[PDB]
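**Student:** task: produce atomic coordinates for the following.
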Amino acid sequence: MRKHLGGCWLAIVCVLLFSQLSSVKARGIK
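**Tutor:** Residues are numbered from 1 along each chain as shown. Structure data below:
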């Protein structure tokens with residue numbers, strides 16, 4: 001039964017979604 005939601009779960013998505021955005025011009029992804 002699905003483990004994804006709208007909550008503290010977004011804290012896993014958020015950091016990925018800026019890391020990837022950053023890593024082209026900068027370090028970003030870590």
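**Student:** any chance you could map the helices in this protein?
**Tutor:** 10-22 (DSSP state H).
**Student:** centroid-nearest residue for the protein?
**Tutor:** With distances taken as CA atoms, centre = their mean, residue 16 lies nearest the centre of the chain, 2.2 Å away.
**Student:** what's the neighbour count on the closest residue to residue 30 other than its chain neighbours?
**Tutor:** The shortest distance from residue 30 to any non-neighbouring residue, by CB to CB, 6 or more residues apart in numbering, is to residue 19 (6.4 Å). For every residue, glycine as well, the C-beta is placed using N, CA and C. For residue 19, the count of nearby residues is 14 (other CB atoms under 10 Å).
**Student:** count the neighbours of residue 4 for me.
**Tutor:** Neighbours of residue 4 using other CB under 10 Å come to 9.
**Student:** against residue 16, how distant is it?
**Tutor:** 13 Å (CB to CB, to the nearest Å).
**Student:** same check on residue 23?
**Tutor:** From residue 23 to residue 16 the distance is 11 Å (CB to CB).
**Student:** ok, residue 29 next?
**Tutor:** Taking CB to CB, one finds residue 29 at 9 Å from residue 16.
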